[PDB]
Amino acid sequence: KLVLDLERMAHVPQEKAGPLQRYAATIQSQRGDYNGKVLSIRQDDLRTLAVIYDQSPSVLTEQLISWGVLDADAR
Ligand SMILES: Nc1nc2c(ncn2[C@@H]2O[C@@H]3COP(=O)(O)O[C@H]4[C@@H](O)[C@H](n5cnc6c(=O)[nH]c(N)nc65)O[C@@H]4COP(=O)(O)O[C@H]3[C@H]2O)c(=O)[nH]1
Ligand SMILES: Nc1nc2c(ncn2[C@@H]2O[C@@H]3COP(=O)(O)O[C@H]4[C@@H](O)[C@H](n5cnc6c(=O)[nH]c(N)nc65)O[C@@H]4COP(=O)(O)O[C@H]3[C@H]2O)c(=O)[nH]1
């Protein structure tokens, strides 16, 4: 399970924040979960985020865990 902590997402360094924040906003909106504090995403979404961020998926996963946005279990 890939679960994003939206509160922590507000504290990702501003240089990296935009794309992830829009991607989460859009999924949350499409689901109609406007009041949610956390957001599960598809495995395919993590691979898409790796492309957007030009990172190895392992690196991006570890980054998102270090920022507290993904849980350790995401590994
Ligand atoms: N529990 C569960 N239900 C699933 C899953 N996949 C699809 N569904 C259900 O099937 C719906 C239609 O899926 P969709 O055509 O992909 O249409 C989806 C999709 O295009 C997009 N969306 C929603 N959530 C995500 C997401 O986490 N990631 C991505 N990439 N797109 C999403 O917004 C649409 C509307 O989402 P919903 O209103 O939630 O409506 C979803 C949802 O009720 C799943 O892996 N698990
Ligand atoms: N083709 C297809 N596959 C399905 C469907 N439902 C579930 N799966 C598969 O089963 C996995 C787990 O579903 P989940 O526990 O609901 O766990 C899902 C779920 O909580 C949520 N999710 C993903 N997409 C949607 C969505 O469109 N709507 C909603 N409400 N939740 C979603 O994100 C989690 C992870 O998504 P995935 O990595 O894709 O991982 C999904 C996906 O591979 C479906 O209707 N169609």
Side-chain angles (χ1 to χ4, degrees):
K1 213 56 147 58
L2 296 172
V3 181
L4 302 174
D5 183 325
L6 305 177
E7 179 177 303
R8 292 281 86 221
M9 185 171 74
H11 298 271
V12 171
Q14 194 215 120
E15 287 295 338
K16 300 190 180 180
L20 169 68
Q21 283 170 357
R22 293 182 165 173
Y23 205 105
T26 296
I27 293 174
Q28 191 182 61
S29 282
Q30 290 171 318
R31 302 182 179 177
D33 196 19
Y34 314 96
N35 293 342
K37 275 62 181 180
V38 294
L39 183 70
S40 55
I41 61 176
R42 302 183 181 172
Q43 283 280 148
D44 296 317
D45 293 321
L46 185 59
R47 282 284 301 273
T48 294
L49 287 161
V51 172
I52 295 165
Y53 278 96
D54 193 27
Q55 293 287 344
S56 161
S58 58
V59 178
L60 180 63
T61 296
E62 176 72 8
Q63 288 170 326
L64 294 165
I65 293 163
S66 288
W67 299 329
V69 170
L70 275 179
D71 205 18
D73 281 322
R75 301 196 189 97

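One-based numbering, in listed order, for ligands and for the atoms of each. Start at 1 with the first residue, then count along the sequence. No hydrogens, no waters, no symmetry mates; every other heavy atom, side chains included, goes into these values.
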Going by the atom numbers of ligand 2, which of them fall below 4.0 Å from some non-hydrogen atom of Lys1? 15 (O), 17 (O), 20 (O)

Do [X] and [Y] come close enough that some side-chain heavy atom pair is under 4.5 Å?
X	Y	answer
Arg31	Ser40	yes
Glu62	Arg75	yes
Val59	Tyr53	no
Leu70	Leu4	yes
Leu39	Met9	no

Side-chain heavy atoms nearer than 4.5 Å, only ILVMFWY residues, links allowed to pass through others: does that put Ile52 and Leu60 together? yes

Which N/O atoms of ligand 1 sit under 3.5 Å from a protein N/O, and at what distances?
unit_1   : atom_1 : unit_2 : atom_2 : d
ligand 1 : 16 (O) : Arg42  : NH2    : 3.0
ligand 1 : 24 (N) : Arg31  : NE     : 2.9
ligand 1 : 27 (O) : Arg31  : NH2    : 2.4
ligand 1 : 28 (N) : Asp45  : OD2    : 2.8
ligand 1 : 30 (N) : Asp45  : OD1    : 2.7
ligand 1 : 30 (N) : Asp45  : OD2    : 3.4
ligand 1 : 38 (O) : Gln30  : O      : 3.4

